[PDB]
Structure formats: structure tokens, C-alpha cells
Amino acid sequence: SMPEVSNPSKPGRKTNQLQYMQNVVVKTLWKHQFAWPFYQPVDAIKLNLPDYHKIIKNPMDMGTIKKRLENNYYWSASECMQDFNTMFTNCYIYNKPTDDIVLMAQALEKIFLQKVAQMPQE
């Protein structure tokens, strides 16, 4: 199923960094011409990737990340950054080195890190 975007038993809040993650990082990446394969969870049935969940045990996508930020799901920007890293790393692990989507992920991840390098201090 889709990853959880809310959890009443997980401590969450909205920090200055987390608002930067929502209003600068996600916004910048979402507008990128390479971002669309990351907008929604990988649908291994629709995409005919029958072994996707054999190889990838912790799926993540930008749609989930954006909803978690909207729900104040995270306690720290660190947690949100790790979700982005999981999303990109999953793509490198599952797909072929020569696939377009790997190149697209590499260009998106570089922008993600550029923006994180300018995140405000907590």
C-alpha cells in the first residue's frame, strides 16, 4: 500500500528547516522537468515491475514526502532528507545503470543536495 503520511504516535512538528524542505526543496524539485517519475509511489503492477518489492524493501516518493511535510509528520529536516535519499537510492538500486531514470535521478539529487547545502540552521 501507499506509505503512511500521518501517524498519531510519531512525534512531529514544523521547524524552520522543515518549512525550508517543504517550501524550497520540494517546490524546486517538483517543477523540474525530470521530477515526474518521483511524484507518486512506484506502482509495480501498473509499471510491470513484478520484482520491484523484492529488491526494494523501503519505497519512497516525493508525493509521500510532500504530504508528510504538509501533515507535520517529521520531527526534523534530517528525517525528511533521509526520505529523499531513500527515494533516490531505491532508483539507483532497482534500475539499470543505463536507464534514463537513473540519469534523471542523478540530476534531481544534485539539485536536492544544492538546496540542502543552503538550508537554515535549526
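Take the two forms, find the largest set of C-alpha atoms that superpose within 1.5 Å, and that set is the rigid core. Residues carry their position along the shown sequence, with the first being 1.
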Greatest C-alpha divergence in 8 other deposited structures of this protein once each structure is fitted on the rigid core, 42 to 50 or 59 to 67: 42 to 50
Stretch exceeding the other in mean C-alpha B-factor - 62 to 70, 86 to 94: 62 to 70
15 to 23 versus 104 to 112 - greater average Cα B-factor per the deposited record: 15 to 23
Chain-wide C-alpha B factor ranking for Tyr52, given as lowest, middle or highest third: lowest
Position of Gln33 among the chain's modelled residues by C-alpha B-factor, lowest, middle or highest third: middle
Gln40 CA temperature factor, ranked by third within the chain: lowest
